[PDB]
Amino acid sequence: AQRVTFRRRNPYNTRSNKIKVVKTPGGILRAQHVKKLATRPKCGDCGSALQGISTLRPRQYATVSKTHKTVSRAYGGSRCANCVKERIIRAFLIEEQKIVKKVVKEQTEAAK
Amino acid sequence: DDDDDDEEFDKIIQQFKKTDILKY
Amino acid sequence: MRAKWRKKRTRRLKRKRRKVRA
Amino acid sequence: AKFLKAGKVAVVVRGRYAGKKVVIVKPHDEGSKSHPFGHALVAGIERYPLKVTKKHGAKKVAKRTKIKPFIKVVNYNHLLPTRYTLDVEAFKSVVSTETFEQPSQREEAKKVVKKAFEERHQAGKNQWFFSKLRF
Amino acid sequence: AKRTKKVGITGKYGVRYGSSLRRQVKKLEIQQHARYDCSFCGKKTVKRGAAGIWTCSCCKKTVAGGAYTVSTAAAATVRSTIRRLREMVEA
Amino acid sequence: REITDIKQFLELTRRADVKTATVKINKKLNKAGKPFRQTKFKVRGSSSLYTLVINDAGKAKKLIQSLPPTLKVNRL
RNA sequence: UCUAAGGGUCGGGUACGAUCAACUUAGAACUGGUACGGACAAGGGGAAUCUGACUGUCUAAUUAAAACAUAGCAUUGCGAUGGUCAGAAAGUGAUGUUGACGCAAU
RNA sequence: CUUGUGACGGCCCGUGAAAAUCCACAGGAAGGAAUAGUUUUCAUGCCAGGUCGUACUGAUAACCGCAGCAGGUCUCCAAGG
RNA sequence: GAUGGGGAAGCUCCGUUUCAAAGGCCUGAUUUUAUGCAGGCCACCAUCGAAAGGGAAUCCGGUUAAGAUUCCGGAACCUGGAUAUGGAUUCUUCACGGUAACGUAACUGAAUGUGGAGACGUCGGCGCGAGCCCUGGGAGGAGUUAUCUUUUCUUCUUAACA
Ligand SMILES: [Mg+2]
Ligand SMILES: [Zn+2]
Ligand SMILES: [Zn+2]
């Protein structure tokens with residue numbers, strides 16, 4: 001039934017002043033300030049969370065290696081897999097559309 | 001059932017020890 | 001970072017190539 | 001009729017080589033024991049050769065005309081077949097089902113697939129196959 | 001069971017504000033909170049986000065529409081006469 | 001950092017950065033309820049602390065004798 | 001002092017049994033100086049009239065109201081070289097990151 | 001019970017900050033090996049981290065109300081019946 | 001809230017990107033050498049403004065008459081800079097594996113562009129976690145004992161970081 005205190009000079013319950021009660025090896029209860037939780041990185045197109053990317057505060061991404069921040073695909077840590085797939089499909093199909101459009105538009109005015 | 005582990009352990013210790021050195 | 005980090009990387013490579021120049 | 005033949009060129013849409021152009025050398029419509037789906041035994045380009053102009057004299061040309069190939073089993077649902085085609089005779093005998101599961105055989109098949117792709121690229125063949133799909 | 005005889009969603013307003021005002025508010029909130037057919041994905045998944053913003057939960061499209069309904073009659077007749085003028089401009 | 005292989009522990013002791021090691025004995029009970037001596041080895045480097053646990057007294061003795069002459073061993 | 005109902009987890013060739021743990025409700029006897037939400041805690045109610053629709057606001061230190069506000073209704077001005085307002089002046093401002101389903105004044 | 005969090009749902013003519021800072025992707029400039037290199041986003045190893053505050057009260061006696069004034073003054077923790 | 005400007009007899013007023021010739025950035029090239037000349041890139045455009053907003057990184061035990069996340073002992077982490085060794089990669093120069101979602105100790109990437117994080121209301125119910133509360137067995141200590149009570153109270157703990 002021990003009661004705890006803030007360990008810093010902020011006495012207010014702000015977003016950066018979150019505490020958690022822990023039990024020390026001395027057998028007493030003590031507050032422990034916890035940092036704010038990280039949000040998962042989002043896809044650029046669909047806006048959903050990228051799978052396989054570590055979830056850290058933005059300064060902490062400079063400490064981890066490249067494997068924790070990337071996937072082994074084109075647009076790896078940036079776009080979702082289905083978004084990359086559909087833009088590959090879109091790219092190939094409408095360059096083919098442009099080829100067919102070009103040959104038809106040259107052919108009609110070559111005939112006329 | 002630690003006899004096999006002991007054999008491997010002794011081999012590791014022997015490899016680490018290099019007190020005897022040949023001079024030529 | 002990435003900017004001061006790339007500057008530190010090129011500084012390390014430049015120092016290393018200057019000493020292996022000799 | 002069916003079109004997924006042993007000489008077609010497709011674009012991979014999933015995996016490490018997504019967006020890369022491959023040539024099918026060995027179809028398998030009714031799958032296998034280790035792959036219970038309609039698949040193929042494609043070979044493709046991981047690193048495309050770069051643009052070559054008049055300014056590069058022969059050293060940058062030999063540097064920029066390098067091709068890094070790969071060989072891969074892929075599901076049909078992870079392929080996008082195209083209207084073009086590419087002849088296969090030089091490496092259809094050296095890439096096959098037993099040349100996988102063996103890194104030495106994969107290395108040896110990738111060497112000769114690389115040699116074939118460089119000779120076809122230094123000849124004026126298949127500009128669409130050797131161009132990079134930009135997406 | 002049918003809990004209210006006639007007030008419906010305006011039963012949250014109690015006896016306040018007058019019955020004829022509550023009638024208009026009921027008629028517009030039913031349109032405001034109903035679901036609509038998505039013109040792209042074909043499902044009954046379009047909902048109002050804010051006034052004029054109608055987003056489909058399935059295919060994640062977002063259409064600009066009326067304040068309380070997804071399409072107003074003024075916009076319908078405007079789209080009709082734009083289509084008619086576009087067919088006339090070649091003729 | 002916990003070391004699972006004795007080879008890794010011995011390699012770390014050879015480092016010039018490591019000059020001292022501590023040994024601690026702890027009493028433990030096995031599944032049958034029989035007591036045995038657990039030996040814990042700790043070596044401190046400039047950047048990290050390494051720990052190795054040995055449940056056999058005979059093996060622990062051999063390990064201590066195999067340590068380099070430059071490394072001094074102290075018991076807690 | 002009892003009764004009844006409300007569960008979990010394990011068990012079945014190719015209907016149930018075992019174990020474990022909850023406070024919720026209903027009912028029945030019996031009993032007492034008819035007491036029992038036993039202290040604490042805790043709505044007085046009805047029939048009408050005047051007035052303001054309501055929630056809200058104000059005269060800090062004599063007035064909390066029927067006063068003010070309010071949604072609703074209606075009127076007026078204005079299409080930007082503009083309406084309303086500011087500034088001693090300005091190559092100056094507010095509405096205005098605005099445009100009549102708006103801004104401004106009643 | 002207090003608190004943190006997740007997936008949701010309701011509400012709006014209200015849809016509920018900005019910047020520093022950090023990371024990734026696209027691109028292919030340039031540099032590059034064979035008797036040798038290229039890499040320090042892998043591991044280990046080396047050095048340094050200046051300035052100012054830091055006691056105590058925070059209220060029927062440490063603040064403001066002429067004062068050791070029943071007044072006023074923001075907030076965290078919260079046992080059993 | 002300066003500057004460029006424009007008002008004002010003037011103390012000063014307006015304005016904050018404006019009717020401005022508004023600057024600095026990296027590679028280097030040269031190794032009379034200093035840092036000009038080779039280059040190339042970029043156009044925000046002062047500054048002030050939060051001890052409750054955003055934000056790199058520290059915990060436990062002990063210690064004083066009076067200090068402690070600050071001292072002592074132990075154990076960590078971050079930033080800036082030096083740097084060598086091991087590992088990785090390469091004669092197919094700049095990695096392999098998995099159908100795939102993706103995985104790993106690593107596994108070049110300038111200019112330029114794009115994306116993400118920072119970065120976000122309130123209420124309601126439901127799920128999970130931590131601490132506290134309740135409680136059983138056991139190992140210790142204390143209390144009551146005319147009678148009763150295998151009883152009443154108390155200790156049985158585990159930080160950051162990996
Ligand atoms: Mg990853
Ligand atoms: Zn996506
Ligand atoms: Zn839809």
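FYI, it's all coordinate maths here, none of it is from the lab. All Cβ positions, even for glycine, are placed from backbone atoms using ideal geometry, and neighbour counts span all protein chains on display.
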Practice problem: Can you find, among A:77, A:46, A:64, the residue farthest towards the positive end of the dipole of segment A:1-110? Put +1 on the C-beta of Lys and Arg, -1 on that of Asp and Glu. | Solution: A:64
Exercise. Loop only per DSSP, at most 14 neighbouring Cβ atoms within 10 Å: give me the trypsin sites (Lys or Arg not before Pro) in segment A:8-52, ordered by residue number.
Key: A:8, A:9, A:15, A:18, A:35, A:36
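I need the GluC sites (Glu not before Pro) found in segment D:64-135, filtered to DSSP loop residues with at most 16 other beta carbons within 10 Å of theirs. The partial results should precede the final answer.
Details: sites: D:89, D:98, D:101, D:107, D:108, D:118, D:119; in loops: D:89, D:98, D:101.
For GluC sites (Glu not before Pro) across segment D:64-135 that sit outside H, G, I, E and B with at most 16 neighbouring Cβ atoms in 10 Å, the list reads D:89, D:98, D:101.
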Exercise. Give the total of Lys-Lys pairs in chain E with Cα-Cα distances below 16 Å; include a pair only if its members are 8 or more places apart or on different chains.
Key: 13
Quiz item: In a GNM of chain E with a 10 Å cut-off on Cα contacts, which of E:34, E:67, E:50 has the highest mean-square fluctuation?
Solution: E:50
Practice problem: Mind telling me which of E:15, E:70, E:25 comes out most flexible in a GNM of chain E, alpha-carbon contacts under 10 Å? | Solution: E:15
Practice problem: Loop sites only, by DSSP: take the chymotrypsin sites (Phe, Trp or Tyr not before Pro) in chain A that have at most 15 other C-beta atoms within 10 Å and name the longest stretch containing none of them. | Solution: A:13-112
Practice problem: Check cross-link reach from residue A:112 to the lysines: straight Cα distance under 30 Å, and skip same-chain residues fewer than eight apart. | Solution: A:98, A:101, A:102
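Around residue E:47, with a cut-off of 14 angstrom between Cβ atoms, what is the net charge of the other residues, counting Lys and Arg +1 and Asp and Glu -1? Working shown, then result.
On the way: positive: E:35, E:43, E:44, E:48, E:60, E:61; negative: E:29, E:37.
Value of the local net charge: +4.
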Self-check item: Ranking of A:72, A:65 by count of other Cβ atoms within 10 Å, fewest first
Solution: A:65, A:72
Quiz item: Counting other Cβ atoms within 10 Å, which trypsin sites (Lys or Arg not before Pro) in segment F:4-76 have at most 16 and lie in a DSSP loop?
Solution: F:14, F:15, F:19, F:31
Quiz item: Using the C-alpha gyration tensor of chain E, what are the square roots of 5 times its eigenvalues, in whole angstrom, with the largest one first?
Solution: 34, 18, 10
Self-check item: Centre separation in Å (Cα based) which lies between segment D:50-84 and segment E:4-47
Solution: 60 Å
Exercise. Calculate one ³J(HN,Hα) per residue across segment A:105-112 by plugging θ = phi - 60° into the Karplus curve 6.51 cos²θ - 1.76 cosθ + 1.60, and present them in order as whole Hz with x for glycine and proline.
Key: 6, 6, 5, 5, 8, 6, 5, 10
Exercise. Quote to one decimal, in nm, the extra length available between residue E:59 and residue E:77 on full extension: 0.36 nm per residue of separation minus the C-alpha distance between them.
Key: 3.8 nm
Quiz item: What are the ³J(HN,Hα) values, in whole Hz, obtained from phi via the Karplus relation 6.51 cos²θ - 1.76 cosθ + 1.60 with θ = phi - 60°, for each residue of segment D:72-80 in sequence order, with x given for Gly and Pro?
Solution: 7, 7, 9, 5, 5, 6, 9, 10, 10
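About its Cα centre, how strong a charge dipole does the protein assembly as shown have in debye, to the nearest 20, once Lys and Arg get +1 and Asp and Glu get -1 at the Cβ? Walk me through the intermediate numbers first.
Details: 117 positive and 36 negative charges, 784 e Å.
Its charge dipole is roughly 3760 debye.
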Exercise. For every other residue with a beta carbon closer than 14 angstrom to the beta carbon of residue A:28, add +1 if it is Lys or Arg and -1 if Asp or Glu, then tell me the sum.
Key: +4
Quiz prompt | Cα-based Rg of chain A normalised by 2.2 N^0.38 Å, two decimals | solution = 2.06
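Under a Cβ-Cβ cut-off of 10 Å, what is the net charge of the residues other than residue E:58 that fall near it, where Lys and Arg count +1 and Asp and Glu count -1? Don't jump to the answer; show the numbers that get you there.
Details: positive: E:43, E:44, E:60, E:61; negative: none.
Local net charge: +4.
Are any of the pairs A:42/D:20; F:40/F:72; B:11/F:19; B:11/F:27; D:51/D:125 more than 19 Å apart by Cα-Cα distance, and if so, which? Mind dumping the intermediate values first?
Working: A:42/D:20 25 Å; F:40/F:72 15 Å; B:11/F:19 25 Å; B:11/F:27 28 Å; D:51/D:125 15 Å.
Beyond 19 Å between Cα atoms: A:42/D:20; B:11/F:19; B:11/F:27.
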Quiz item: When Cβ neighbours within 10 Å are restricted to other protein chains, what is their mean count per residue of peptide A:82-93?
Solution: 4
Quiz prompt | Per-residue [θ]222 nm for chain E (sum of -39500 (n - 2.57) over DSSP H runs n ≥ 4, rounded to 500) | solution = -12000 deg cm²/dmol
